Amino acid sequence: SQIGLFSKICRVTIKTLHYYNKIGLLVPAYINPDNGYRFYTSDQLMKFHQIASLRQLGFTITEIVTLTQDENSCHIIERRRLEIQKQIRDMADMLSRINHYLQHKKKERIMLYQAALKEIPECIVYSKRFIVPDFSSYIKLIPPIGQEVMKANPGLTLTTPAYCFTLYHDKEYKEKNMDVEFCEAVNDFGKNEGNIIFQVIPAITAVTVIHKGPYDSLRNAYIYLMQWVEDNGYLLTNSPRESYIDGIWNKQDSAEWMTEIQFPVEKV
DNA sequence: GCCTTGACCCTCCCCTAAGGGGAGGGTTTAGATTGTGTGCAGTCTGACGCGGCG
RNA sequence: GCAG
DNA sequence: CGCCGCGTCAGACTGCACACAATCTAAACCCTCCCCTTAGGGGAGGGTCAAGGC
Ligand code: 118
Ligand SMILES: [Mg+2]
């Protein structure tokens, strides 16, 4: 059976048979030496059937070489079983994500906020946890802390890139009784004089959305994020953070400012 | 100024998986056919040299 | 096709 | 040795403008080699940037 007839028997292209010969997966029975023409037999169709049966299960080519040459190799198929289970979980989450994205673009003509699930590493921060009467009053008392901590810790260099955020330790919603904890990441340990202390903040996977503009609309992102958090079945494992990209330090106009709200979540 | 020095950074080349697509090369084709035809140009005269040829 |  | 046929060799110089050539046919197989597809990784080769000491 010449390669054309055989390629139509097994119903696959010629280049596929060329490739399977090139990698040594399916070798013709008899190659004519001067022309190089490949001729197969029935016992090449018998092997191509096994090859295609394994290849419909997603096995990579080298995995098929091993599956056909090494017997009692059930650990590689089980490994592939676990990987396929992981991709099914991931694809179902993707389904929920794309349903929510389509649900939004029909709900609003503009996508104001996209939600990204990113991993944030562990940090070394100086932290002050305290009650706040008003979030507007919360903004002013931070540069005093900036003076104070650099005073008490000489030569303490903050991490680059700068990570300056807020934990919201409140389990429900209110506007004037916010129990917050301001954390900012530095390089080394330090002195703990004052309400300012040092602590290690563990690495977390968190869904974050970046809101750009003034802070009075920031709650929007939270409602959105909360929707997201409930829609895709994620569970909020820790208190929500808010990391400051743009603000009074870089830029003077308060409408081009930008913060990023981060929800610590776990997949359940 | 004269140097070093570690940290960055750019471009470019090749690599990934499983083949697709094409370029550019080979090979055989088993009824039997068996001598080129342009509706060609040919149309320029005079001098000179050389060679068959009686 | 033309010019001298 | 003298003559006729045949072949070869020439045929003003500058300029513009215009403008070439135009018909004329195989197909079905196979092979190798090259470049391409994702979403960036890895690394050689070669600049560049603040810092510091001489
Ligand atoms: C110590 C404490 C706070 C700030 Sb900053 C800041 C943070 C990261 C990168 C750049 C600046 C600040 C504010 C105003 C003027 C100058 C600096 C800051 C304040 C509040 C919330 C988040 C960050 C700086 C040092
Ligand atoms: Mg003329």
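When you go through A:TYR40, A:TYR30 one by one, which is the residue that is of a type in the set (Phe, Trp, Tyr), touching a strand residue (DSSP E or B) at 6+ places or on another chain (Cβ under 6 Å) and more than 14 Å from DNA strand B (Cβ to nearest atom)?
A:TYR30
Condition first: within 13 Å of A:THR41 (Cα to Cα) and away from DNA strand B (no atom under 11 Å from the Cβ). Now tell me which residues in region A:5-20 satisfy that.
A:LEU5, A:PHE6, A:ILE9, A:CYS10
Let's see how each residue does on (1) touching a residue at least 24 places away in the same chain (Cβ under 8 Å); (2) farther than 28 Å from A:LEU156 by Cα; (3) surrounded by fewer than 19 Cβ atoms within 10 Å (Cβ to Cβ):
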| position | (1), (2), (3) |
| --- | --- |
| A:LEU167 | yes, no, no |
| A:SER217 | no, yes, yes |
| A:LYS251 | no, no, yes |
| A:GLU266 | yes, yes, yes |
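So A:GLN56 clears everything in (1) more than 30 Å from A:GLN85 (Cβ to Cβ); (2) within 13 Å of DNA strand B (Cβ to nearest atom) except one condition, right? Which one?
For A:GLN56, the exception is condition (1).
What is the residue count in region A:24-58 for residues that are within 13 Å of DNA strand D (Cβ to nearest atom) and touching a residue at least 24 places away in the same chain (Cβ under 8 Å)?
Qualifying residue count for the region: 7.
Can you give me the number of residues within region A:172-197 that are under 26 Å from A:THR159 (Cα atoms), acidic (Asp, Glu) and in a loop (DSSP other than H, G, I, E, B)?
Residues in region A:172-197 being under 26 Å from A:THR159 (Cα atoms), acidic (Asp, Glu) and in a loop (DSSP other than H, G, I, E, B): 2 in total.
Taking A:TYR244 as the residue in question, decide whether it is farther than 30 Å from A:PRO143 by Cβ and among the aromatic types (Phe, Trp, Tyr).
For A:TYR244, the condition - farther than 30 Å from A:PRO143 by Cβ and among the aromatic types (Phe, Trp, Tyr) - is not met.
Return the residues of region A:126-151 that are surrounded by fewer than 17 Cβ atoms within 10 Å (Cβ to Cβ) and either among the basic types (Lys, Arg) or part of a loop (DSSP other than H, G, I, E, B) (or both); say none if nothing qualifies.
Once the filter is applied, which keeps residues that are surrounded by fewer than 17 Cβ atoms within 10 Å (Cβ to Cβ) and either among the basic types (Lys, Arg) or part of a loop (DSSP other than H, G, I, E, B) (or both), region A:126-151 yields A:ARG129, A:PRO133, A:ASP134, A:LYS140, A:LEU141, A:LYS151.
Conditions (1) in a helix (DSSP H, G or I); (2) more than 16 Å from ligand 1 (Cβ to nearest atom); (3) surrounded by fewer than 12 Cβ atoms within 10 Å (Cβ to Cβ); (4) of a type in the set (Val, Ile, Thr), marked per residue:
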{"position": "A:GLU63", "(1), (2), (3), (4)": "yes, yes, no, no"}
{"position": "A:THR66", "(1), (2), (3), (4)": "yes, yes, no, yes"}
{"position": "A:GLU78", "(1), (2), (3), (4)": "yes, yes, yes, no"}
{"position": "A:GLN85", "(1), (2), (3), (4)": "yes, yes, yes, no"}
{"position": "A:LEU102", "(1), (2), (3), (4)": "yes, yes, yes, no"}
{"position": "A:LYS106", "(1), (2), (3), (4)": "yes, yes, yes, no"}
{"position": "A:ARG109", "(1), (2), (3), (4)": "no, yes, yes, no"}
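With the requirement that a residue be β-branched (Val, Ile, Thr) and either without any contact (Cβ under 8 Å) to a residue 40 or more places away in the chain or surrounded by fewer than 18 Cβ atoms within 10 Å (Cβ to Cβ) (or both), what does region A:184-203 give you? So that I can check it myself, show each step before the final result.
Taking region A:184-203 and keeping what is β-branched (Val, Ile, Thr), we get A:186, A:196-197, A:200-201.
Residues satisfying the conditions are A:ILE197, A:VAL200.
So, in region A:160-171, how many residues would count as being among the aliphatic types (A, V, I, L, M) and part of a loop (DSSP other than H, G, I, E, B)? Let's see the steps before the verdict.
Residues of region A:160-171 that are among the aliphatic types (A, V, I, L, M), as a first pass: A:162, A:167.
Now narrow it down to the ones that are part of a loop (DSSP other than H, G, I, E, B): A:162.
Result for region A:160-171: 1.
List pairs: first residue in region A:99-113 and in contact (Cβ under 8 Å) with a residue 40 or more places away in the chain and more than 18 Å from A:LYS212 (Cβ to Cβ), second residue surrounded by 13 or more Cβ atoms within 10 Å (Cβ to Cβ) and among the aromatic types (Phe, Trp, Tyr) anywhere in the structure, Cβ distance under 7 angstrom, at least six positions apart or on different chains.
Listed by first residue and then by second, the contacts come to A:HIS100/A:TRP228.
From the list A:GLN103, A:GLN69, exactly one residue is polar (S, T, N, Q), more than 11 Å from DNA strand B (Cβ to nearest atom) and more than 33 Å from the chain's Cα centre (by Cα). Which is it?
A:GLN69 is the lone residue from the list that is polar (S, T, N, Q), more than 11 Å from DNA strand B (Cβ to nearest atom) and more than 33 Å from the chain's Cα centre (by Cα).
With the requirement that a residue be more than 16 Å from DNA strand B (Cβ to nearest atom), surrounded by 11 or more Cβ atoms within 10 Å (Cβ to Cβ) and of a type outside the set (A, V, I, L, M), what does region A:152-165 give you?
Listed by number, the residues that qualify are A:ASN153, A:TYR163, A:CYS164, A:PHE165.
Readers should treat all values here as calculations from the given coordinates under stated rules, not as data from a laboratory. Ideal geometry is used to build each Cβ from the backbone, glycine not excepted, and the neighbour counts take in all protein chains shown.
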